[PDB]
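K.L.:
fold the following, please.
(chains A and B)
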Amino acid sequence: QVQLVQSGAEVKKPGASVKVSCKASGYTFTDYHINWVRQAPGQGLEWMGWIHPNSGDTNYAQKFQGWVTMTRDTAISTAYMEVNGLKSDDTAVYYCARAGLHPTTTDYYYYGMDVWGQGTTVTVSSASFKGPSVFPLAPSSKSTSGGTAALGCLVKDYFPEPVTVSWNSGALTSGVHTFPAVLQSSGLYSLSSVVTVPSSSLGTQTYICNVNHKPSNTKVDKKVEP
Amino acid sequence: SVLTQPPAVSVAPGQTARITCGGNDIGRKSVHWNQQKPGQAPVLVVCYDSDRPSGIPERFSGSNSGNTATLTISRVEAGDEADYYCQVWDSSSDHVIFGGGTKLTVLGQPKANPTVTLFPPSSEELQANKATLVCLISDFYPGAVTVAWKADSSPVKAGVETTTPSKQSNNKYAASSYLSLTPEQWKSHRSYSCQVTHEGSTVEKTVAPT
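P.N.:
Numbering: from 1, shown residues only, chains lettered A, B, ... in the order given. Provided below are the atomic coordinates:
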């Protein structure tokens, strides 16, 4: 049970600094480098650098040197990564990893990574708790089956998750598709909910999406007209 | 130094997946391979070109020679579906280098084409001095899509936010993409288009301020 225990998710304003921790257990902290790797949402792994807890020696990747700091505290077997001047493109999962793969030859004198921590999410946003704006998505039949139409509600710019959407106070469930939220660069979420209904019903039946964002104590019943 | 990986590899269950990692003189270096499943932290699956750590099935094998290292997964199972990353150390720069990652898709059902629904900004949103185009994508398999937006004839990259695909109740995938504009941008172009590419084919919808 070699394990790295990383600190919890953080939400930071642009310009701030964040200091994430990585505590070793199940082995002797000073025996192995700790590497740091970050991964922006949907993107690949990017190596940030390493620190050797024995000597304190560091190796910063070019892309991160000068605005991040790796440190360690051997008394409590913990390594730290501090990221400064945070911007929205610093939103990422920050991983530590133990360099347990010793070299097998002095030609390739590199200690590779074996055990990874679970990651620390850092989201950089100018977002406070914010209720959404709700807009109608007027009925369209251009990409539904014959005799039906799609209408919806756009739930824009809220924080944090979740937002729930019902239709006609729950009486309408068939043909409802609520799409999971997008998380935007601003650190605000948006989502959409659409229901496919009979086109002949547009003149007679009323359609209301019931939007509830409990974290901001906001509810909206938005009527969606043709 | 750069490691070149193909972005995507698809196989049917039981088949053999081969994932390449190109690099000048990579055969001189020891290549390690990570597997990263959706949402998860990377795990080592191949160490030192061709060894495997404890607990990793022996259908995970690697080779390294010349300018190409290869991860081979025999008798592929659905659980193998993940992003795979090769890694090397570049002594001339003292950098650890990761490949770009390869998404291995395990094809558990036949291809299904995306349905694309595109909504223009609402008049009410425009009155609030904002404009959002909403591009909804549904009923596609495998769950991998790329979305590109155009204004008139030209690509637009500013203001686009796209979700990762997510499973529907019918076990096909859905995603959404949003283009944020100013009301002036919306009103000044002839049209905007959402272009959805899935498995080599594109479905494009277009809306206009008119």
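K.L.:
most remote residue from the chain's center?
P.N.:
All of this refers to chain A. Here chain A reaches farthest from its C-alpha mean at residue A:204, the gap being 42.1 Å by C-alpha atoms, centre = their mean.
K.L.:
should've been chain B
P.N.:
What lies farthest from the middle of chain B is residue B:127; by C-alpha atoms, centre = their mean that is 36.4 Å.
K.L.:
and the gap between that one and residue B:206?
P.N.:
24 Å (C-beta to C-beta, to the nearest Å). C-beta here means a position set from N, CA and C on the backbone, and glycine is covered the same way.
K.L.:
likewise for residue A:134?
P.N.:
Distance from residue A:134 to residue B:206, by C-beta to C-beta: 25 Å.
K.L.:
compare the two (neighbour count), which wins?
P.N.:
Comparing residue A:134 with residue B:206 by other C-beta atoms under 10 Å in any protein chain shown, the one with more neighbours is residue A:134, at 22 against 13.
K.L.:
show me how chain A divides into domains.
P.N.:
Chain A is divided into the following domains under curated CATH domains: A:1-126, A:127-226.
K.L.:
go through the ones you listed and name the closest to residue B:28.
P.N.:
Residue B:28 sits nearest to domain A:1-126 of all the domains of chain A, at 7.5 Å, using C-beta to C-beta.
K.L.:
in chain B, which spans are helices?
P.N.:
Along chain B, counting by DSSP state H, helices occupy B:123-127, B:183-188.
K.L.:
do the longest one and chain A meet?
P.N.:
No. Figure legend: helix B:183-188 not in contact with chain A (C-beta under 8 Å from any C-beta of the partner chain); closest approach 13.3 Å.
K.L.:
please enumerate residues in contact with that helix?
P.N.:
B:120-121, B:126, B:129-131, B:151, B:192, B:209 (C-beta atoms under 8 Å, 6 or more residues apart in numbering or on different chains).
K.L.:
which of those residues fall within strands?
P.N.:
Residues of the contacts of helix B:183-188 located in strands (DSSP state E): B:131, B:151, B:192.
K.L.:
residues contacting the last one?
P.N.:
Contact partners of residue B:192, counting by C-beta under 8 Å, 6+ apart, are B:133, B:149-151, B:156, B:179, B:181, B:186, B:206-208.
K.L.:
could you look up the SS state of the residue nearest to residue A:30 when sequence neighbours are not counted?
P.N.:
Residue nearest to residue A:30 in three dimensions, not counting chain neighbours: residue A:54, with 4.3 Å by C-beta to C-beta, 6 or more residues apart in numbering or on different chains. With DSSP: H, G, I helix; E, B strand; the rest coil as the basis, the three-state label of residue A:54 is coil.
K.L.:
against residue A:108, how distant is residue A:54?
P.N.:
Distance from residue A:54 to residue A:108, by C-beta to C-beta: 21 Å.
K.L.:
how about residue B:3?
P.N.:
Relative to residue A:108, and taking C-beta to C-beta, residue B:3 is found at 15 Å.
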